[PDB]
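Here we start with a single chain on its own, the form deposited in one PDB entry, put down as structure tokens.
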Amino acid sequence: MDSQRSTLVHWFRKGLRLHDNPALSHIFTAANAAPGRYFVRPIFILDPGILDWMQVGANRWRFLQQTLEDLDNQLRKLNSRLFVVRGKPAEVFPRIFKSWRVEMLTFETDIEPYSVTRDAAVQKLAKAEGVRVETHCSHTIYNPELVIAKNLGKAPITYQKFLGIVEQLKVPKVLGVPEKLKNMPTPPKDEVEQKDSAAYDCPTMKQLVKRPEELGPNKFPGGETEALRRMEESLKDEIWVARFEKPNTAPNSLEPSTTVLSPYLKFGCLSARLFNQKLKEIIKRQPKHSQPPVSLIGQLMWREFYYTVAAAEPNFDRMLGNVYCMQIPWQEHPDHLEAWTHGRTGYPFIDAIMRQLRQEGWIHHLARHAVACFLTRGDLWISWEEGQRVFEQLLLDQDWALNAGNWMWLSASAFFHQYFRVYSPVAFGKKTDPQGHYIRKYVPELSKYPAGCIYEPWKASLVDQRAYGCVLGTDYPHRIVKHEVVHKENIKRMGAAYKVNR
């Protein structure tokens, strides 16, 4: 096979998987249809210039490193490989369109504003250069543009309305893995590979993680292979799956009470469409089962809902200019923001959650509720954008639409408006962890406190605090605010802001 004329490119960004990947599958099918004509290059473009951006924490870089290694491993089973191309797309694509004689480029669509801008520019260049582009909406179960169209041009702004719309939509088909490449030699080295054969090899941990001191325990390895193993593990207890009720899962069990598939769904290591289809099979054969919103399918529909409102608002992650967002006069509080950011608020439940987040990169949904309420309307009266920023740095599952949507909910800025309901930083965790095992783990300086005061260590006398080895103001901070006072003030501030907006 000396005969090749062109290269077929799949561009990974999200969609970091072989299964249920129509953009990738179509490349491999086209290659096999015309033996001898094509080379195939599945690529991921890594801009070294952002390895130092503090908004990507080490834990999330490590998850990507592991994911790319797995993706490359899996593509090798198809007689292909991953090509990790270092550079910026604005410079990479002109070069490789010419160098590789690219005939077709496929990718999975992404709704985030810079991605839309970037992809429109790649698409314009491709059209000019005669490159056929095919894009697929496989990151979400439904295409937000069809949802918005079915709703007469507006995104549904309640969960029940959204369910009412998507009930009327066809469910896109879930694909298997692509065909193994037949009769295809490896691509000839381009000018970059000619100088360094390894130029497109998967990055090492050292190449990707510039701040290894931020790494915590490796609890959730990256990659499709782990994503599928973890999904199958969650699905094997079919009664647990069928009867799942999200509000009844604990925020502070030591091991996660929910699936922790969110890092996998965020990177596309797991297809949400596959997972939806598997859940539907379970629900159909388990006559006793939960329903949306609280069921596991309901959780995937939460993700769908936020992707659809976000698709219609480029400013979804900001207060100003955001069609959904109440304008609320959040205050600047640098010292309180720093304390919340580092889990030094003096409320042990809140601090344990922020410390788990920083160390491990995942915290349960209702743990996110507790700390987000505390930062914003509940206690510190700081903008939800500041909380979004910190979550963006530390979460493995950092997701532009899901982070912004849930921060607006928790701050009573959109989608949720019952701001008289406020989480108690002392009482909320006790329902599910009365001994405080979660605090003893993540705030180890309090680990000797009796369970009767570990949520509220200021209730222990100085002599008791000394006996427990941890004196407030010396070994663990005093409360930075007093919840019982400030949350009442903030309920009045929320009332005022709601009036101004009305």
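Residues that one form lacks are left out of the comparison. Sequential numbering from 1, following the sequence displayed. What we label the rigid core is the largest C-alpha set whose atoms superpose within 1.5 Å from one form to the other.
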{"query": "Of 373-381 and 356-364, the stretch whose C-alpha atoms average the higher B-factor in the entry", "finding": "373-381"}
{"query": "Average Cα temperature factor in the PDB entry - higher stretch of 141-149, 334-342", "finding": "141-149"}
{"query": "Candidate set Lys488, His10, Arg13, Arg17 [ranked by C-alpha B-factor, highest]", "finding": "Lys488"}
{"query": "Identity of residue with top Cα B-factor, from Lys161, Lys246, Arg229, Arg95", "finding": "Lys161"}
{"query": "Where the record places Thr474 (Cα B-factor, split into thirds across the chain)", "finding": "highest"}
{"query": "Ranked C-alpha temperature factor of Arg318 among modelled chain residues, by third", "finding": "middle"}
{"query": "Lowest, middle or highest third - CA B-factor, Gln418", "finding": "highest"}
{"query": "Third of the chain, ranked by Cα B-factor, where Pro42 sits", "finding": "lowest"}
{"query": "Chain-relative CA temperature factor third for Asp237", "finding": "highest"}
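One more form of this protein, deposited in another entry, exists but is not displayed; see below.
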| item | value |
| --- | --- |
| Displaced position between the shown form and the other one, chosen from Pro48, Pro477, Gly36, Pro450 (C-alpha, 2 Å or more, rigid core) | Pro48 |
| Inter-Cα distance between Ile50 and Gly321 in that other deposited form, nearer or further [3 Å or more] | closer |
| Moved residue ranges in sequence order between the shown form and the other one, Cα 2 Å or more, at least 3 long, core fit | 47-54 |
